[PDB]
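In what follows, a structure is listed as structure tokens, so that the remarks can point back to it.
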Amino acid sequence: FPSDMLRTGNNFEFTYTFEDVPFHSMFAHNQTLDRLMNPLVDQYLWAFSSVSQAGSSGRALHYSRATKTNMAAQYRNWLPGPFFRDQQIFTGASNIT
Amino acid sequence: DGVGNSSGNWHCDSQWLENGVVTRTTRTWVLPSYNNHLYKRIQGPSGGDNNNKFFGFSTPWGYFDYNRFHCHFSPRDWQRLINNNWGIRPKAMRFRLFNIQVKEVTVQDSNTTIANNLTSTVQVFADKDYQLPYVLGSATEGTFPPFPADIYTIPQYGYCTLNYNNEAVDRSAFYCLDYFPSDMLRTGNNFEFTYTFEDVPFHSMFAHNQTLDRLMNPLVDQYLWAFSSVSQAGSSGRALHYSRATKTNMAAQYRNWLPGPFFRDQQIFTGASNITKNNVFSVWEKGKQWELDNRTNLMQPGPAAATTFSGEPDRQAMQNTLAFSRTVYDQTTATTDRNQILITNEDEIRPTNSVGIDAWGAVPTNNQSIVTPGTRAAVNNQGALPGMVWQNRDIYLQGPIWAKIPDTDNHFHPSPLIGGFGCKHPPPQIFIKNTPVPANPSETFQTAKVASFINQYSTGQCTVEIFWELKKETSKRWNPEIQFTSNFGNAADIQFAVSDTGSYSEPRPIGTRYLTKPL
Amino acid sequence: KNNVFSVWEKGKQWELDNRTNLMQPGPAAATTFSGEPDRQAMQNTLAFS
Amino acid sequence: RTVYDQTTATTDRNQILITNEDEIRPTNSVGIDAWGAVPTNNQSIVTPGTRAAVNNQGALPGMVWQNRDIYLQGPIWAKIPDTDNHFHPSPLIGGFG
Amino acid sequence: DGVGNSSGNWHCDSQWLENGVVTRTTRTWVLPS
Amino acid sequence: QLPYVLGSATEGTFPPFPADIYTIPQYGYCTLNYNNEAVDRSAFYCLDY
Amino acid sequence: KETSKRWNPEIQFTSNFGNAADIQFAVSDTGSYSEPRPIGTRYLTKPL
Amino acid sequence: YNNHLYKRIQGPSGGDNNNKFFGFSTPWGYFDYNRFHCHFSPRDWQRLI
Amino acid sequence: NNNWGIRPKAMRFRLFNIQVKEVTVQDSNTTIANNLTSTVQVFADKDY
Numbered sequence: 404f405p406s407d408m409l410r411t412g413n414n415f416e417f418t419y420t421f422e423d424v425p426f427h428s429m430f431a432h433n434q435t436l437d438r439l440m441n442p443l444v445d446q447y448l449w450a451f452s453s454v455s456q457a458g459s460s461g462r463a464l465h466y467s468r469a470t471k472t473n474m475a476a477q478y479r480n481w482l483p484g485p486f487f488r489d490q491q492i493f494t495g496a497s498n499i500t
Numbered sequence: 225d226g227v228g229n230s231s232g233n234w235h236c237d238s239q240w241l242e243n244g245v246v247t248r249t250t251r252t253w254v255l256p257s258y259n260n261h262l263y264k265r266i267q268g269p270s271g272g273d274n275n276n277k278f279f280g281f282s283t284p285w286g287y288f289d290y291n292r293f294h295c296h297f298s299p300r301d302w303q304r305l306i307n308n309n310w311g312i313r314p315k316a317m318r319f320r321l322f323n324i325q326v327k328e329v330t331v332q333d334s335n336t337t338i339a340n341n342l343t344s345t346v347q348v349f350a351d352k353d354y355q356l357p358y359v360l361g362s363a364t365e366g367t368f369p370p371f372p373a374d375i376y377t378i379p380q381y382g383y384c385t386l387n388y389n390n391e392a393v394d395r396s397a398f399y400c401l402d403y404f405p406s407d408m409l410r411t412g413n414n415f416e417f418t419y420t421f422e423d424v425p426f427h428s429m430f431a432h433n434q435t436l437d438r439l440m441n442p443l444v445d446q447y448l449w450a451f452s453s454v455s456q457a458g459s460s461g462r463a464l465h466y467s468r469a470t471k472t473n474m475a476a477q478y479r480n481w482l483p484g485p486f487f488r489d490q491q492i493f494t495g496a497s498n499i500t501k502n503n504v505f506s507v508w509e510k511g512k513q514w515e516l517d518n519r520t521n522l523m524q525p526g527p528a529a530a531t532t533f534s535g536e537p538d539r540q541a542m543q544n545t546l547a548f549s550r551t552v553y554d555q556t557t558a559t560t561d562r563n564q565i566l567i568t569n570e571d572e573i574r575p576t577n578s579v580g581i582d583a584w585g586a587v588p589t590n591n592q593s594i595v596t597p598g599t600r601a602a603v604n605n606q607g608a609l610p611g612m613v614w615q616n617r618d619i620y621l622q623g624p625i626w627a628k629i630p631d632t633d634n635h636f637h638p639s640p641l642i643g644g645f646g647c648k649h650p651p652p653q654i655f656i657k658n659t660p661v662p663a664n665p666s667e668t669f670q671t672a673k674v675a676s677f678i679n680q681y682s683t684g685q686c687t688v689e690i691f692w693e694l695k696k697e698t699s700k701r702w703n704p705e706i707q708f709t710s711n712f713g714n715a716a717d718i719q720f721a722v723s724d725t726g727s728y729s730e731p732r733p734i735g736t737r738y739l740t741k742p743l
Numbered sequence: 501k502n503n504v505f506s507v508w509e510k511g512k513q514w515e516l517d518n519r520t521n522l523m524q525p526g527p528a529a530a531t532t533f534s535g536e537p538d539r540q541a542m543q544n545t546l547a548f549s
Numbered sequence: 550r551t552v553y554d555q556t557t558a559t560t561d562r563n564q565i566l567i568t569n570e571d572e573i574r575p576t577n578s579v580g581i582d583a584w585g586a587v588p589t590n591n592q593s594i595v596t597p598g599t600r601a602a603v604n605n606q607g608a609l610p611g612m613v614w615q616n617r618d619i620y621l622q623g624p625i626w627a628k629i630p631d632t633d634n635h636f637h638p639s640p641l642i643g644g645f646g
Numbered sequence: 225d226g227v228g229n230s231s232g233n234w235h236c237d238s239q240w241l242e243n244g245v246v247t248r249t250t251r252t253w254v255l256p257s
Numbered sequence: 355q356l357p358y359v360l361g362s363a364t365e366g367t368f369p370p371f372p373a374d375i376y377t378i379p380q381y382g383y384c385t386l387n388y389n390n391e392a393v394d395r396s397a398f399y400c401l402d403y
Numbered sequence: 696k697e698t699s700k701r702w703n704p705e706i707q708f709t710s711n712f713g714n715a716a717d718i719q720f721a722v723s724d725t726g727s728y729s730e731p732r733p734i735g736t737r738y739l740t741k742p743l
Numbered sequence: 258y259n260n261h262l263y264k265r266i267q268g269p270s271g272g273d274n275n276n277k278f279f280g281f282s283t284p285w286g287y288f289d290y291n292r293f294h295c296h297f298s299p300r301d302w303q304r305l306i
Numbered sequence: 307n308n309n310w311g312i313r314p315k316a317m318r319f320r321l322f323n324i325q326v327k328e329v330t331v332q333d334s335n336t337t338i339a340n341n342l343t344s345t346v347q348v349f350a351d352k353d354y
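Chains A, B, C, D, E, F, G, H and I are the protein sequences, given in the same order.
Just add 403 to the spot in the first sequence (first one is 1) and you have the deposited numbering.
Just add 224 to the spot in the second sequence (first one is 1) and you have the deposited numbering.
Just add 500 to the spot in the third sequence (first one is 1) and you have the deposited numbering.
Just add 549 to the spot in the fourth sequence (first one is 1) and you have the deposited numbering.
Just add 224 to the spot in the fifth sequence (first one is 1) and you have the deposited numbering.
Just add 354 to the spot in the sixth sequence (first one is 1) and you have the deposited numbering.
Just add 695 to the spot in the seventh sequence (first one is 1) and you have the deposited numbering.
Just add 257 to the spot in the eighth sequence (first one is 1) and you have the deposited numbering.
Just add 306 to the spot in the ninth sequence (first one is 1) and you have the deposited numbering.
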């Protein structure tokens, strides 16, 4: 490569400009991804719920709307990011055993 | 202006343009006084199940949720839309609120008396900077009625924050809506603002003429050789066979493309003959779910997948399909009959998207040899692979229009899994309140808090007007296409109209995808 | 060292609607380990006449 | 906790500084537990439905996630390799790709 | 003006400036006789 | 506006050698189907149109 | 063009054969073009 | 081709649903020049790569 | 957290949306109605 030879009187300098990169997010979130809902109201969306035994050999399909009481079964627009699982350790004085 | 001059008029029409449509609609609303003018702390139920626990606040405020399609479109305008057009997206929006009147309520001797308070105010603001929890994305109640004559009760605003079970973690936030600037409005005053949508992709209102794997020319053969089988040549010998895919054998053939990401779901038997073949179970047990923190949540819509195989309509995926009530007002939260509710069908995405019942594929799980025969396992869930294509769940006349894409470092195809248009900056939330008017004080100074207010509520009209951009069809298809037609034949009541009681009802769900396009 | 089998059985595949299709090229992957040229992936490599 | 320490292995945690990733908990799922569960078979009266946990999950439409945060002691940037294809090129240690 | 026209709006926000801050706040009051 | 059959790698390409002569292949296409019989959404394209 | 304030959807001409060996309004395997059903204009409705 | 007829081609009749298809064949032809050795000679290719 | 010092500079007070209510008590039952023509009087003492 070409280089700059420098004796004691000489100095070297250059400048550089970064390409556009996204801001690193220095904030946390106030909300959980699954709690984005309004807790006071209920959903209007029905969903399949369970199969039951009607009579001896018969069956019945149940549908239910998610209510402010039942958040676990509810419609959501979003999912957590890609995931690759890892093992756990017990990091503390009581758990270390 | 004044008490005797109207603030605005009633605009409910929708007019069609070349490459667009504006649907303006108007309602009459009522605003209760919520929480007796208090911010209260709501919390989840106390128990051992950590999934339904939450921490949040409820506010003495209300909000306009107009986010559904049938608020803006009539069933005819919707039909007129979906038959003639390949795509639709929102462009601009104008909300305005007028003809405010607040009523004062006094109850004495079990007899209520309502008189209008001319000097009382209503205060409204839109959150333009998205500095509040955004609750409109989730599909919940409190939307405008589909029918213009019905009256819209404005829902109460509350939100959830970061929590540890029911109790609150240190990072959880409390938002006071009285700490925003607002517009106080008496009966002469009105409120208005305009909004313009960010660029979002057209929703595809078309199906496909072709299957993803049938893109080939059926008359010719491939020029590409591929490994075929290993055979036994002699006693201990082996021979490797190679073969070109021929127009006869399509299954083993080279292709450039793969179906979209897939997360499998269980099947149910949805029909009179098959209903008996169902095992007894529940979604929470045998269904598909994702989990976050210490909680597990059903993955309710999930990524879109065809709901059933071709020619087998009665065995279909339990998780994917949306379902609606045929009236906005039904109080039943669970039902065992399907005639009461409307069940969507996702089959139009079948060419590109794989069915949710069957697996996505299979993978070799080991290195073969003469000692170990090769093994393989099914692929139930598959993330993104290069060369995937897939369709979004289609929007419905009854479904939600948009959602707010969260503010996060990373997004992957931010299409709302329920449906509609994901937005970085969605339509603002509009908050409305009855300013408190206190009851007479004690005439001597006291330090106690003011708990006594004049009981009152407000009502008025609100117009919402949206410009929708349309993508016209260009098609050389010779033969006619499927289109949405109303066939009930003879009936006591016509479909999509009021009954003799006066109740409006929507008899069947309506999706966009009818017109078709080559793949 | 090869066992007796066929691609349709022991191979990798994806399925669409009621049909199953071999995933013939698939996503690109190195066909063989370093220094082991004679043991290689059956699905990935293209072949020509 | 010092740039100059010569020890390459240690059994005490007071000597070294251990980061905590909990701020991404709302969007990102915890690494210990699985990402979810999938139905593994087609149910019937003959075969009860089965399901299996999802330990690794690639990208699905509608995912959101947070990057590992930068630290005062951590690396600032990395060079995204020259390749035909990248997926969210955020350096997995941290910083700006 | 009139009985049906509001006199003013609600301003409770506080905005930060270089070398300063304005805190505007609003309340509802009651005056006994 | 027509089914695009060129993506799939099939026969009927120009020869590699300029002296050879190129027999033009016949054009045909596949549409949405249920097994062999045709579903309602399948399309017929007339090239004379 | 139509101008209609009708609320509820209208009858329109839709092709429903469901499953079939040949698609309607298209050639057969012999190459013969055929029109399976007649088509009139009147679907949209107007007050009298 | 086809004695100037649009004909309906279809998949083979059997129990295997993988190779079944529905489509049409046209009295038309098309130019498929899509391969590299159509355009490049082996020397031009070497000179390129 | 970010600043060494603070002092006030200017101030603006304003009072609006006045409404006076009239109270009548009869039969241990209070009734409040707004008196449109009644006034409220305000002044600031500038000269201390």
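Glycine included, each C-beta is placed from N, C-alpha and C at the ideal position.
Next on the checklist: Using DSSP's beta-bridge definition, name the partner residues of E689/B.
Outcome noted: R248/B, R318/B
Checklist entry - In whole angstroms, what is the alpha-carbon distance linking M542/B and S676/B? => result 51 Å
Next on the checklist: Which residues in chain D have a C-beta closer than 8 Å to the C-beta of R488/B? List them in chain order.
Outcome noted: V587, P588, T589
Checklist entry - If you measure from the beta carbon of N274/H to each beta carbon in chain C, is any gap under 8 Å? => result Chain C has a Cβ within less than 8 Å of the Cβ of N274/H.
Item to check | Complete beta strand (DSSP E) runs within the stretch 372 to 457 of chain B (minimum length 3 residues, chain order) | outcome: 375 to 377, 380 to 385, 407 to 409, 415 to 420, 449 to 457, all fully within the stretch 372 to 457 of chain B.
Checklist entry - Within 8 Å (strictly less), CB to CB, does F293/H reach chain B? => result no
Checklist entry - Would you call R488/B buried or exposed, if buried means 16 or more other Cβ atoms sit within 10 Å of its Cβ? => result Around the beta-carbon of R488/B, 16 or more other beta-carbon atoms lie within 10 Å, marking it buried.
Item to check | Contact list for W234/E against chain B, beta-carbon separation under 7 Å | outcome: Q347, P405, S406, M408
Item to check | Residues of the stretch 354 to 373 of chain B with Cβ closer than 8 Å to any Cβ of chain A, in chain order | outcome: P357, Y358, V359, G361, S362, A363, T364, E365, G366, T367
Item to check | Proximal residues to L448/B (C-beta, below 8 Å), its chain only, five neighbours per side dropped | outcome: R468, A469, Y478
Item to check | CB contact flag (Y403/F, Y287/H, <8 Å) | outcome: Result no, Cβ atoms of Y403/F and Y287/H do not sit closer than 8 Å.
Checklist entry - For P527/C, which of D538/C, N521/C, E515/C, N544/C has the nearest alpha-carbon? => result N544/C
Checklist entry - Ordered along the chain, which non-local residues of its own chain (more than five positions away) have a Cβ less than 8 Å from that of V661/B? => result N341, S344, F677, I678, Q680
Next on the checklist: For the beta strand (DSSP E) containing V507/C, name the first residue and the last one.
Outcome noted: Run containing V507/C: none in the beta strand (DSSP E); it sits in the alpha helix (DSSP H), 507 to 510.
Checklist entry - Thinking C-alpha only, which one of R318/B, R550/B, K315/B, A583/B is nearest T532/B? => result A583/B
Checklist entry - Any idea if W253/E is buried or exposed, counting beta-carbon neighbours within 10 angstroms, 16 or more meaning buried? => result exposed
Checklist entry - Going along chain C, which residues have a C-beta under 7 Å from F533/B? => result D517, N518
Next on the checklist: As a quick exercise: from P575/D, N634/D, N563/D, pick the residue whose alpha carbon is nearest that of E515/B.
Outcome noted: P575/D
Item to check | Helix, strand or coil at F636/D according to DSSP, with G and I counted as helix | outcome: coil
Next on the checklist: For a contact defined as C-beta to C-beta under 8 Å, what are the partners of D633/B on chain D?
Outcome noted: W614, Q615, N616, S639
Item to check | Residue closest to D289/B, alpha-carbon to alpha-carbon, out of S230/B, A363/B, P269/B, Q355/B | outcome: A363/B
Checklist entry - In chain G, which residues lie with their C-beta within 9 Å of the C-beta of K264/H? => result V722, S723, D724, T725, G726
Checklist entry - Going by Cα to Cα distance, which pick from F636/D, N577/D, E570/D, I581/D is closest to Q490/A? => result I581/D
Item to check | Exposure of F293/H, with buried meaning 16 or more beta-carbon neighbours within 10 Å | outcome: exposed
Next on the checklist: If contacts are defined as beta-carbon pairs under 8 Å, then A547/B and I565/B qualify, I think. What distance do you get, rounded to the angstrom?
Outcome noted: 5 Å
Checklist entry - When the Cβ atoms of the stretch 449 to 469 of chain B are set against those of the stretch 411 to 428 of chain B, are three or more pairs found closer than 8 Å? => result Contact between the stretch 449 to 469 of chain B and the stretch 411 to 428 of chain B is not established, with fewer than three Cβ pairs separated by less than 8 Å.
Next on the checklist: I want to see whether chain B comes within less than 8 Å of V246/E, judged by CB atoms only; does it?
Outcome noted: No, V246/E lies away from the interface with chain B (no Cβ there is under 8 Å from its Cβ).
Checklist entry - Whose CA, out of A373/B, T336/B, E570/B, lies closest to the CA of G726/B? => result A373/B
Item to check | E509/C classed as buried or exposed, judged by whether at least 16 other C-beta atoms fall within 10 angstroms | outcome: exposed
Next on the checklist: Against chain H, which members of the stretch 378 to 393 of chain F pass a CB distance test of less than 9 Å?
Outcome noted: Correct list: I378, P379, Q380, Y381, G382, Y383, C384, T385, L386, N387, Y388, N389, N390, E391, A392, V393.
Checklist entry - Can you list the alpha helix (DSSP H) stretches of 4 or more residues lying completely in the stretch 471 to 498 of chain B, in chain order? => result Complete alpha helix (DSSP H) runs here, min 4: none at all.
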